[PDB]
């Protein structure tokens, strides 16, 4: 069965709501397992406390830099970076969960959630999950973004983990 993880989102420290994701371990097991482990924190590091550093209305919300907290860091459970597992899944519409990167085979911990179809990223970013519950929370995050992605409030992953 595909695992489910959750983020509890806060805005300047005030709770907004919970987003949960299905992780497609059946199609991209290594990539799903990285995101799962970072969501539970079970390696001694992970998403909890980190922020969505880039939010561009009409496109996506990007987060996951828990090592430098400036949009340039993050690391995987396999080392600093790991290879693109496959490009089977596509950026079909809002709610797709996909890996950020610095080019081929540079997956770490940064990820993005689509708020529209972004098909030009197909074959360049590994899709590995989708929002299951709480897409209206992601929609509510968009107004704290901007054209180039700078946020006007601090959007944080106040808590995160794995659901049964």
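Positions refer to the first chain, counted from 1.
- For the pair 63-71 and 93-101, the mean Cα B-factor is higher in 63-71.
- A summary of the deposited B-factors shows that, of 106-114 and 38-46, the stretch with the larger mean C-alpha value is 38-46.
- The entry lists a Cα temperature factor for residue 142 that places it in the middle third of the chain's modelled residues.
- When the CA B factors of the chain's modelled residues are split into thirds, the value for residue 157 lands in the lowest one.
- Ranked within its chain, residue 33 lands in the middle third, by CA B factor from the PDB record.
- Ranked within its chain, residue 19 lands in the middle third, by CA B factor from the PDB record.
- The entry lists a Cα temperature factor for residue 11 that places it in the middle third of the chain's modelled residues.
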